[PDB]
């Protein structure tokens, strides 16, 4: 129906407002924030940095973010709840698995993984009672056997609960096509799926064909760019060397092709990032001081100046996330 799970409890979807559909409070690893908080200075410092950042995003018009950190990205839902409340910004938590499953996950069957995802959606995450409102999955270009289990478990959990699925792709590898085939083999509707990191490629043929099938297209890393940082290999590898404008122009491109309803936009920002090289967070913040406010402050005016009507931009940042997040079918 029209209620979704947030880390402060259930809300009606009209309350979500401007929603960033792919963000992170902290990109980490299972257990890591609690075992080694000084990696982030302190847990308090991290929380305060996130509260400041979310408050700025709120001032810029953001009302909800979707934290697509899974278990193996070190999702700490107690932290998400703390910062959501202090910033007074809705946060939707995720279940699923990303690219770093530990052995206790890697060795599980599709049936076992289905029950883990269902636990996090239907019962709660850890002992917090906080329930996930979305399932996040990730694959390499060519889907591994384990990753295929994860996608099937995600599809089964979605069909059982109605909560949507969102993905990490290598867009230069057209990763969404293999994901989509697996999802549809499970009877999952494309309208319950966002193919993410789709702004990492300029292949409009790939993008429009997925959109034509009813998939949501995640243009979710707009401010990611290492232009000017070419001498930094780790930052280049992570952020790419296409401009944020180049990424943003894909939003216009899909609108022009008639697929405004299939677009979801985000920053894929974080306030801490331990699952990459040390100090990457400082590099990212030096490139994009706006953080999660980058979409409303820079991208929206960029799009309006290009001639895209207000109603279309509002449709993308409010209506599309609302349809996507509302639990649908069963």
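Numbering follows the first chain given and starts at 1.
- The stretch with the higher mean CA B factor, choosing between 112 to 120 and 197 to 205, is 197 to 205.
- For the pair 299 to 307 and 36 to 44, the record assigns the higher mean C-alpha temperature factor to 299 to 307.
- Highest C-alpha temperature factor among 107, 138, 83, 250, as the PDB entry reports it: 250.
- Residues shown: 266, 262, 278, 28. Highest C-alpha temperature factor in the entry: 262.
- In the PDB entry, residue 187 places in the highest third of its chain by CA B-factor.
- Among the modelled residues of its chain, residue 270 has a C-alpha B-factor that falls in the lowest third according to the deposited record.
- Per-chain ranking of the deposited C-alpha B factor places residue 178 in the middle third.
- Ranked by C-alpha B-factor against the other modelled residues of its chain, residue 68 falls in the lowest third.
- In this PDB entry, residue 234 carries a Cα temperature factor that places it within the middle third of its chain's modelled residues.
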